[PDB]
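File shown: coords_29.cif. Contents: mmCIF, C-alpha atoms and all ligand atoms.
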```
data_data
#
loop_
_atom_site.label_atom_id
_atom_site.label_comp_id
_atom_site.auth_asym_id
_atom_site.auth_seq_id
_atom_site.Cartn_x
_atom_site.Cartn_y
_atom_site.Cartn_z
CA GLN O 25 0.28 23.44 -11.96
CA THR O 26 -0.28 23.77 -8.21
CA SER O 27 -3.15 25.97 -6.98
CA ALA O 28 -3.56 27.76 -3.64
CA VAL O 29 -6.08 25.12 -2.60
CA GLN O 30 -3.75 22.27 -3.57
CA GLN O 31 -0.97 23.96 -1.56
CA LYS O 32 -3.23 24.20 1.49
CA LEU O 33 -4.25 20.53 1.17
CA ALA O 34 -0.56 19.60 0.96
CA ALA O 35 0.12 21.54 4.17
CA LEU O 36 -2.79 19.83 5.88
CA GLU O 37 -1.44 16.46 4.73
CA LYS O 38 2.05 17.25 5.97
CA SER O 39 0.77 18.11 9.46
CA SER O 40 -1.42 15.00 9.51
CA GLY O 41 1.44 12.56 8.94
CA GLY O 42 -0.73 10.49 6.59
CA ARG O 43 -1.69 10.43 2.89
CA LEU O 44 -4.68 12.52 1.75
CA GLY O 45 -6.60 12.19 -1.51
CA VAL O 46 -9.21 14.73 -2.61
CA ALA O 47 -11.49 15.14 -5.63
CA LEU O 48 -14.09 17.86 -6.06
CA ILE O 49 -16.46 18.30 -8.97
CA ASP O 50 -18.27 21.66 -8.94
CA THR O 51 -21.39 21.20 -11.09
CA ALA O 52 -21.79 24.98 -11.43
CA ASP O 53 -19.14 24.78 -14.16
CA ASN O 54 -17.95 21.12 -14.18
CA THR O 55 -14.48 22.10 -12.98
CA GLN O 56 -12.49 19.79 -10.76
CA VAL O 57 -10.01 20.22 -7.94
CA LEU O 59 -7.82 17.23 -7.18
CA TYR O 60 -5.12 16.36 -4.69
CA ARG O 61 -3.45 12.96 -5.31
CA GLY O 62 -6.51 12.52 -7.49
CA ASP O 63 -5.08 9.58 -9.39
CA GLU O 64 -3.47 7.68 -6.54
CA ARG O 65 -5.24 4.59 -5.19
CA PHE O 66 -6.74 4.52 -1.69
CA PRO O 67 -8.57 1.72 0.20
CA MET O 68 -12.31 2.52 -0.08
CA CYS O 69 -13.46 0.71 3.04
CA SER O 70 -17.18 1.40 3.56
CA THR O 71 -17.43 4.10 0.90
CA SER O 72 -17.64 1.05 -1.43
CA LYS O 73 -21.15 0.42 -0.05
CA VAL O 74 -22.52 3.16 -2.28
CA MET O 75 -21.48 1.20 -5.39
CA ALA O 76 -23.03 -2.00 -4.02
CA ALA O 77 -26.33 -0.34 -3.06
CA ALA O 78 -26.43 1.38 -6.46
CA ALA O 79 -25.84 -1.93 -8.27
CA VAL O 80 -28.84 -3.44 -6.50
CA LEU O 81 -30.90 -0.33 -7.32
CA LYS O 82 -29.98 -0.89 -10.98
CA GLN O 83 -31.19 -4.50 -10.82
CA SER O 84 -34.44 -3.24 -9.28
CA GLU O 85 -35.16 -1.17 -12.41
CA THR O 86 -36.21 -4.37 -14.15
CA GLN O 87 -37.64 -6.09 -11.06
CA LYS O 88 -40.25 -3.92 -9.34
CA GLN O 89 -40.38 -6.18 -6.28
CA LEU O 90 -36.67 -6.77 -5.76
CA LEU O 91 -36.26 -4.25 -2.96
CA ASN O 92 -39.04 -6.02 -1.04
CA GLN O 93 -37.34 -9.42 -1.43
CA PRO O 94 -36.52 -11.04 1.94
CA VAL O 95 -32.99 -12.23 2.66
CA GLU O 96 -32.24 -14.60 5.55
CA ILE O 97 -29.88 -13.45 8.29
CA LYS O 98 -28.28 -16.33 10.20
CA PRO O 99 -26.03 -16.20 13.28
CA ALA O 100 -23.07 -17.14 11.08
CA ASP O 101 -23.67 -14.07 8.88
CA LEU O 102 -22.75 -11.62 11.61
CA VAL O 103 -19.31 -10.10 11.25
CA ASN O 104 -17.47 -7.32 13.14
CA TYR O 105 -20.07 -4.58 12.96
CA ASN O 106 -23.77 -5.26 12.42
CA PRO O 107 -25.90 -2.79 14.46
CA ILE O 108 -28.99 -3.48 12.34
CA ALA O 109 -28.55 -7.05 11.14
CA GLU O 110 -28.12 -8.47 14.66
CA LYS O 111 -31.73 -7.53 15.41
CA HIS O 112 -32.84 -9.79 12.56
CA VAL O 113 -30.78 -12.93 13.20
CA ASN O 114 -32.85 -16.07 12.47
CA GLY O 115 -35.20 -13.74 10.64
CA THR O 116 -34.98 -11.78 7.38
CA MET O 117 -34.28 -8.30 5.99
CA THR O 118 -35.49 -7.02 2.64
CA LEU O 119 -32.99 -5.71 0.10
CA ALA O 120 -34.25 -2.17 0.79
CA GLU O 121 -33.66 -2.72 4.51
CA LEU O 122 -30.18 -4.09 3.79
CA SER O 123 -29.35 -1.14 1.55
CA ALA O 124 -30.54 1.38 4.13
CA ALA O 125 -28.61 -0.39 6.92
CA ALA O 126 -25.42 -0.63 4.87
CA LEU O 127 -25.54 3.02 3.83
CA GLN O 128 -26.92 4.81 6.89
CA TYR O 129 -25.31 2.77 9.69
CA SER O 130 -22.46 1.11 7.73
CA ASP O 131 -23.75 -2.33 8.74
CA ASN O 132 -21.24 -4.90 7.41
CA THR O 133 -23.55 -7.91 7.40
CA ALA O 134 -25.95 -5.85 5.28
CA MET O 135 -23.14 -5.05 2.86
CA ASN O 136 -22.30 -8.74 2.56
CA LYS O 137 -25.90 -9.47 1.59
CA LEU O 138 -25.71 -6.78 -1.10
CA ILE O 139 -22.45 -8.29 -2.40
CA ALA O 140 -24.02 -11.78 -2.41
CA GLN O 141 -27.07 -10.52 -4.32
CA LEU O 142 -24.65 -9.23 -7.00
CA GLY O 143 -22.82 -12.56 -7.25
CA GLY O 144 -19.74 -11.64 -5.24
CA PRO O 145 -17.33 -8.69 -5.09
CA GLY O 146 -16.75 -8.89 -8.85
CA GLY O 147 -20.45 -8.21 -9.37
CA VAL O 148 -19.94 -4.80 -7.78
CA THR O 149 -16.89 -4.14 -9.98
CA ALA O 150 -18.92 -5.21 -13.03
CA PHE O 151 -21.57 -2.60 -12.24
CA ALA O 152 -18.88 0.05 -11.81
CA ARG O 153 -17.58 -0.82 -15.30
CA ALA O 154 -21.10 -0.66 -16.72
CA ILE O 155 -21.45 2.93 -15.56
CA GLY O 156 -18.07 4.01 -16.91
CA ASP O 157 -15.84 3.58 -13.85
CA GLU O 158 -12.73 1.71 -15.05
CA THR O 159 -10.86 2.28 -11.78
CA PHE O 160 -13.03 0.93 -8.95
CA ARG O 161 -12.38 -2.62 -7.81
CA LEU O 162 -14.03 -4.64 -5.06
CA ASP O 163 -12.15 -7.87 -4.36
CA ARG O 164 -13.32 -9.07 -0.98
CA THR O 165 -16.31 -9.18 1.34
CA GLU O 166 -16.71 -7.64 4.82
CA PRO O 167 -14.75 -7.29 7.00
CA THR O 168 -11.53 -8.08 5.16
CA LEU O 169 -12.09 -5.52 2.40
CA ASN O 170 -11.07 -2.94 5.08
CA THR O 171 -7.53 -4.22 5.76
CA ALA O 172 -6.29 -1.12 3.88
CA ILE O 173 -2.68 -2.31 3.57
CA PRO O 174 -0.41 0.27 1.91
CA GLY O 175 0.38 -0.73 -1.67
CA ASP O 176 -2.40 -3.33 -1.82
CA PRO O 177 -4.58 -2.78 -4.89
CA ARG O 178 -7.53 -4.80 -3.52
CA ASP O 179 -10.70 -2.86 -2.76
CA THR O 180 -9.33 0.46 -3.90
CA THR O 181 -10.19 3.31 -6.24
CA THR O 182 -8.91 6.85 -6.91
CA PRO O 183 -10.50 10.09 -5.72
CA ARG O 184 -11.03 11.20 -9.33
CA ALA O 185 -12.86 8.03 -10.27
CA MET O 186 -15.04 7.94 -7.19
CA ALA O 187 -16.06 11.59 -7.58
CA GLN O 188 -17.03 11.01 -11.19
CA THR O 189 -19.02 7.92 -10.23
CA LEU O 190 -20.80 9.56 -7.30
CA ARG O 191 -21.82 12.42 -9.62
CA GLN O 192 -23.19 10.01 -12.23
CA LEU O 193 -25.11 8.08 -9.56
CA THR O 194 -26.59 10.96 -7.58
CA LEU O 195 -26.97 13.81 -10.04
CA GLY O 196 -26.59 12.07 -13.38
CA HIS O 197 -28.36 9.23 -15.13
CA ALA O 198 -26.46 6.06 -14.28
CA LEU O 199 -29.62 5.04 -12.43
CA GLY O 200 -33.28 5.51 -13.35
CA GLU O 201 -34.93 8.61 -11.82
CA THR O 202 -36.76 6.76 -9.04
CA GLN O 203 -33.62 4.86 -8.10
CA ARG O 204 -31.46 8.01 -8.16
CA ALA O 205 -33.94 9.65 -5.80
CA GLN O 206 -33.83 6.61 -3.50
CA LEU O 207 -30.02 6.61 -3.36
CA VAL O 208 -29.94 10.33 -2.57
CA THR O 209 -32.59 9.86 0.14
CA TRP O 210 -30.48 7.14 1.74
CA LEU O 211 -27.28 9.20 1.65
CA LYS O 212 -28.99 12.28 3.05
CA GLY O 213 -30.23 10.13 5.93
CA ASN O 214 -26.76 8.89 6.84
CA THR O 215 -26.15 8.81 10.62
CA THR O 216 -22.37 8.63 10.58
CA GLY O 217 -21.09 11.72 8.81
CA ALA O 218 -21.31 14.70 11.05
CA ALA O 219 -17.62 14.74 12.01
CA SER O 220 -16.26 14.22 8.51
CA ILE O 221 -16.78 16.25 5.31
CA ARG O 222 -19.89 17.88 6.82
CA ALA O 223 -17.95 19.32 9.77
CA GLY O 224 -15.93 21.42 7.35
CA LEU O 225 -18.93 22.90 5.53
CA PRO O 226 -21.03 25.98 6.36
CA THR O 227 -23.96 24.93 8.54
CA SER O 228 -26.57 26.19 6.04
CA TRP O 229 -25.45 23.68 3.39
CA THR O 230 -27.10 20.25 3.12
CA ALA O 231 -25.52 16.98 1.96
CA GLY O 232 -25.63 13.21 1.71
CA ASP O 233 -22.52 11.15 2.41
CA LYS O 234 -21.06 7.73 3.10
CA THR O 235 -18.10 7.35 5.45
CA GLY O 236 -15.43 4.68 5.55
CA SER O 237 -13.06 3.38 8.23
CA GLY O 238 -10.48 0.60 8.32
CA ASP O 240 -7.02 -0.42 9.45
CA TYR O 241 -4.03 1.94 9.04
CA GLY O 242 -6.29 4.60 10.44
CA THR O 243 -8.08 4.83 7.15
CA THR O 244 -10.73 7.54 7.37
CA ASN O 245 -12.87 8.24 4.31
CA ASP O 246 -15.96 10.16 3.23
CA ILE O 247 -17.68 10.72 -0.12
CA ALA O 248 -20.44 13.32 -0.38
CA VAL O 249 -22.95 14.97 -2.59
CA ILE O 250 -23.38 18.60 -1.41
CA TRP O 251 -26.01 21.27 -1.99
CA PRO O 252 -24.43 24.58 -0.98
CA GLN O 254 -26.58 27.57 -0.07
CA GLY O 255 -27.23 29.47 -3.30
CA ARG O 256 -25.24 27.36 -5.76
CA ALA O 257 -25.25 24.22 -7.89
CA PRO O 258 -24.32 20.95 -6.16
CA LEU O 259 -20.80 19.67 -5.52
CA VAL O 260 -19.45 16.16 -5.31
CA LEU O 261 -16.55 15.71 -2.94
CA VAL O 262 -14.36 12.74 -2.07
CA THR O 263 -11.86 12.82 0.80
CA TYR O 264 -9.71 9.76 1.44
CA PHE O 265 -7.08 9.46 4.19
CA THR O 266 -4.81 6.63 5.23
CA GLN O 267 -1.85 6.37 7.60
CA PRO O 268 1.47 4.45 7.77
CA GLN O 269 0.81 2.36 10.95
CA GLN O 270 -1.71 -0.46 11.03
CA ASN O 271 -3.15 0.62 14.37
CA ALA O 272 -3.37 4.33 13.64
CA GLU O 273 -6.29 6.23 15.15
CA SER O 274 -9.22 7.59 13.11
CA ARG O 275 -8.80 11.17 11.85
CA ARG O 276 -12.19 12.45 10.76
CA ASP O 277 -10.99 15.96 11.63
CA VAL O 278 -8.55 15.76 8.69
CA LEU O 279 -11.48 15.16 6.34
CA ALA O 280 -13.34 18.11 7.84
CA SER O 281 -10.18 20.21 7.39
CA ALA O 282 -9.90 19.18 3.74
CA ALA O 283 -13.57 20.00 3.16
CA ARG O 284 -13.16 23.39 4.82
CA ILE O 285 -10.23 24.22 2.49
CA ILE O 286 -12.29 23.11 -0.52
CA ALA O 287 -15.28 25.21 0.58
CA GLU O 288 -13.18 28.30 1.23
CA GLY O 289 -11.69 27.90 -2.24
CA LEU O 290 -15.07 28.32 -3.96
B1 LIG K 1 -16.90 0.75 7.02
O1 LIG K 1 -15.63 1.27 6.62
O2 LIG K 1 -17.60 1.73 7.81
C1 LIG K 1 -16.72 -0.58 7.86
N1 LIG K 1 -15.57 -0.55 8.74
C2 LIG K 1 -15.20 -1.58 9.55
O3 LIG K 1 -15.83 -2.63 9.62
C3 LIG K 1 -13.93 -1.37 10.41
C4 LIG K 1 -13.84 -0.28 11.29
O4 LIG K 1 -14.95 0.51 11.48
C5 LIG K 1 -15.78 0.29 12.63
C6 LIG K 1 -17.06 0.12 12.04
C7 LIG K 1 -12.60 0.02 12.00
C8 LIG K 1 -11.49 -0.77 11.82
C9 LIG K 1 -11.49 -1.89 10.96
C10 LIG K 1 -12.74 -2.20 10.24
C11 LIG K 1 -12.70 -3.38 9.38
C12 LIG K 1 -11.53 -4.16 9.24
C13 LIG K 1 -10.35 -3.81 9.96
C14 LIG K 1 -10.35 -2.71 10.79
#
```
Please, can you express the file's structure as structure tokens?
Ligand SMILES: *[B]([O])([O])[C][N]C(=O)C1=C(O[C][C])[C]=[C]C2=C1[C]=[C][C]=[C]2
Amino acid sequence: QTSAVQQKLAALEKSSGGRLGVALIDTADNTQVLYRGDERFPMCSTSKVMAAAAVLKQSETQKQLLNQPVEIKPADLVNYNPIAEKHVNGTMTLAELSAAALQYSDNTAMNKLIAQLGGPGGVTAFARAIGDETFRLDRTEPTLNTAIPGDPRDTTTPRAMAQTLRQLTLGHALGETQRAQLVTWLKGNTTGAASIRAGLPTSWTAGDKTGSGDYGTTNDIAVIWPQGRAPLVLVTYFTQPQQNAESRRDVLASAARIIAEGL
């Protein structure tokens, strides 16, 4: 069946010229709204949530892990490292790397999280351990953002990512302290105001992680606390046919606005 909301998302997609994927979980009743919910999309930096969560899980049995120093060398810098560059020839703790990766989308920080987990497959392994059979991380930064159409590397589906974000931020995939820490990091994100958040009523609060890559890939995954109702989990993925396409955060805001108006 096709709902009014799905029809509106299709119209938005048609006018955008790209491919849009949406997955909403409304925890007020556990219902879901999906648009291309089972198609694969390149995650780009939204994958950093899985990596930070995997490290949080390891910290449940190692009380001092988050305070563990990790060396940052000149050779570790990649294409975007706003936080890590300040620490070259120095160190960053795993908590500092997680916060930098999540709140500023630092790529060097993400690579340190991936390394701590034993490589991209370590992130995938954690996803499997928490019930996500779809997610796959195959490469490090910055190549995991190539976002080539048809390429299965570093992809997931909106349905799977929404389910996983719910389990991580509202459920019990992580211990209570770690869940709280992940939510605190997401709510402190600095990069999301033009994405999902721009399509929501101003009174609502939320935590999110954005993603950007080639083929104008523009992503955002969010946990949302609407005014007067149970939380929502929303994933909005968008990718375009040309490698050098421009970013379209407004399309994500438009998708979020349609979802909100459909409540
Ligand atoms: B994540 O998606 O925020 C990290 N993204 C990238 O490193 C990246 C961007 O985003 C600027 C931070 C734009 C275009 C790219 C990127 C990586 C590889 C190819 C193209």
Practice item. For ligand LIG 1 (chain K), collect every residue having any atom at a distance of at most 10 Å from a ligand atom (counting all atoms listed in the file); output as an MDAnalysis selection string. Key: chainID O and resid 67:73 103:107 126:133 135 166:172 216 234:238 240:246 270:274
Would you output that residue set with C-alpha atoms, as a PDB file, in the coordinates of the input?
```
ATOM      1  CA  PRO O  67      -8.570   1.720   0.200  1.00  0.00           C
ATOM      2  CA  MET O  68     -12.310   2.520  -0.080  1.00  0.00           C
ATOM      3  CA  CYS O  69     -13.460   0.710   3.040  1.00  0.00           C
ATOM      4  CA  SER O  70     -17.180   1.400   3.560  1.00  0.00           C
ATOM      5  CA  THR O  71     -17.430   4.100   0.900  1.00  0.00           C
ATOM      6  CA  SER O  72     -17.640   1.050  -1.430  1.00  0.00           C
ATOM      7  CA  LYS O  73     -21.150   0.420  -0.050  1.00  0.00           C
ATOM      8  CA  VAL O 103     -19.310 -10.100  11.250  1.00  0.00           C
ATOM      9  CA  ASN O 104     -17.470  -7.320  13.140  1.00  0.00           C
ATOM     10  CA  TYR O 105     -20.070  -4.580  12.960  1.00  0.00           C
ATOM     11  CA  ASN O 106     -23.770  -5.260  12.420  1.00  0.00           C
ATOM     12  CA  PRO O 107     -25.900  -2.790  14.460  1.00  0.00           C
ATOM     13  CA  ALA O 126     -25.420  -0.630   4.870  1.00  0.00           C
ATOM     14  CA  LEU O 127     -25.540   3.020   3.830  1.00  0.00           C
ATOM     15  CA  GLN O 128     -26.920   4.810   6.890  1.00  0.00           C
ATOM     16  CA  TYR O 129     -25.310   2.770   9.690  1.00  0.00           C
ATOM     17  CA  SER O 130     -22.460   1.110   7.730  1.00  0.00           C
ATOM     18  CA  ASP O 131     -23.750  -2.330   8.740  1.00  0.00           C
ATOM     19  CA  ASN O 132     -21.240  -4.900   7.410  1.00  0.00           C
ATOM     20  CA  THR O 133     -23.550  -7.910   7.400  1.00  0.00           C
ATOM     21  CA  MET O 135     -23.140  -5.050   2.860  1.00  0.00           C
ATOM     22  CA  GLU O 166     -16.710  -7.640   4.820  1.00  0.00           C
ATOM     23  CA  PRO O 167     -14.750  -7.290   7.000  1.00  0.00           C
ATOM     24  CA  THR O 168     -11.530  -8.080   5.160  1.00  0.00           C
ATOM     25  CA  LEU O 169     -12.090  -5.520   2.400  1.00  0.00           C
ATOM     26  CA  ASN O 170     -11.070  -2.940   5.080  1.00  0.00           C
ATOM     27  CA  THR O 171      -7.530  -4.220   5.760  1.00  0.00           C
ATOM     28  CA  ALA O 172      -6.290  -1.120   3.880  1.00  0.00           C
ATOM     29  CA  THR O 216     -22.370   8.630  10.580  1.00  0.00           C
ATOM     30  CA  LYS O 234     -21.060   7.730   3.100  1.00  0.00           C
ATOM     31  CA  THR O 235     -18.100   7.350   5.450  1.00  0.00           C
ATOM     32  CA  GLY O 236     -15.430   4.680   5.550  1.00  0.00           C
ATOM     33  CA  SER O 237     -13.060   3.380   8.230  1.00  0.00           C
ATOM     34  CA  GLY O 238     -10.480   0.600   8.320  1.00  0.00           C
ATOM     35  CA  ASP O 240      -7.020  -0.420   9.450  1.00  0.00           C
ATOM     36  CA  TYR O 241      -4.030   1.940   9.040  1.00  0.00           C
ATOM     37  CA  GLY O 242      -6.290   4.600  10.440  1.00  0.00           C
ATOM     38  CA  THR O 243      -8.080   4.830   7.150  1.00  0.00           C
ATOM     39  CA  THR O 244     -10.730   7.540   7.370  1.00  0.00           C
ATOM     40  CA  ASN O 245     -12.870   8.240   4.310  1.00  0.00           C
ATOM     41  CA  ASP O 246     -15.960  10.160   3.230  1.00  0.00           C
ATOM     42  CA  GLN O 270      -1.710  -0.460  11.030  1.00  0.00           C
ATOM     43  CA  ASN O 271      -3.150   0.620  14.370  1.00  0.00           C
ATOM     44  CA  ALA O 272      -3.370   4.330  13.640  1.00  0.00           C
ATOM     45  CA  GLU O 273      -6.290   6.230  15.150  1.00  0.00           C
ATOM     46  CA  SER O 274      -9.220   7.590  13.110  1.00  0.00           C
TER      47      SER O 274
END
```
Practice item. Skip residue 149 in chain O itself and residues of its chain fewer than 3 positions away, then list as a PyMOL selection string all residues within 10 Å of it, counting only C-alpha atoms. Key: chain O and resi 75-76+79+142+144-146+152-154+157-163+179
Point to revise | Shell around residue 121 in chain O at 10 Å using only C-alpha atoms, local window under 4 positions removed, as a PyMOL selection string | key: chain O and resi 91-95+108-109+116-117+125-127+134
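Closest approach to residue 283 in chain O from the set O:45, O:62, O:213, O:147 is made by O:45, with distances taken over all atoms listed in the file.
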**Study point:** Contacts of residue 42 in chain O within 7 Å, only C-alpha atoms, excl. fewer than 2 positions in-chain, as a ChimeraX atom specification
**Key:** /O:37,40,44,265-268
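The space separating CA of residue 182 in chain O from CA of residue 122 in chain O comes to 26.2 Å.
Reported to one decimal place, the separation of CA of residue 51 in chain O from CA of residue 285 in chain O is 17.8 Å.
Note that CA of residue 150 in chain O and CA of residue 89 in chain O are 22.5 Å apart.
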Exercise for review: Excluding residue 208 in chain O and residues on its chain fewer than 3 positions from it, collect all residues at most 8 Å away from it, counting all atoms listed in the file, and give them as a ChimeraX atom specification.
Suggested key: /O:194,204-205,211-212,232
For the selection you just gave me, I'd like the residues written to a file as an mmCIF file, in the frame of the given file, keeping C-alpha atoms.
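Written output follows (result_26.cif):
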```cif
data_model
loop_
_atom_site.group_PDB
_atom_site.id
_atom_site.type_symbol
_atom_site.label_atom_id
_atom_site.label_comp_id
_atom_site.auth_asym_id
_atom_site.auth_seq_id
_atom_site.Cartn_x
_atom_site.Cartn_y
_atom_site.Cartn_z
ATOM 1 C CA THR O 194 -26.590 10.960 -7.580
ATOM 2 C CA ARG O 204 -31.460 8.010 -8.160
ATOM 3 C CA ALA O 205 -33.940 9.650 -5.800
ATOM 4 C CA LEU O 211 -27.280 9.200 1.650
ATOM 5 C CA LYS O 212 -28.990 12.280 3.050
ATOM 6 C CA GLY O 232 -25.630 13.210 1.710
#
```
Point to revise | Nearest to residue 190 in chain O, chosen from O:86, O:78, O:229, O:34, with only C-alpha atoms counted in the distances | key: O:78
Review point. Nearest to residue 250 in chain O among O:202, O:52, O:151, O:28, with distances taken over all atoms listed in the file: which residue is it?
Key: O:52
Point to revise | residue 277 in chain O surroundings by all atoms listed in the file, 9 Å radius, close-in-sequence under 3 positions cut, as a PyMOL selection string | key: chain O and resi 219-221+223-224+274+280-282
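Checking O:279, O:81, O:74, O:290 one by one against residue 191 in chain O, counting only C-alpha atoms, you find the shortest gap at O:74.
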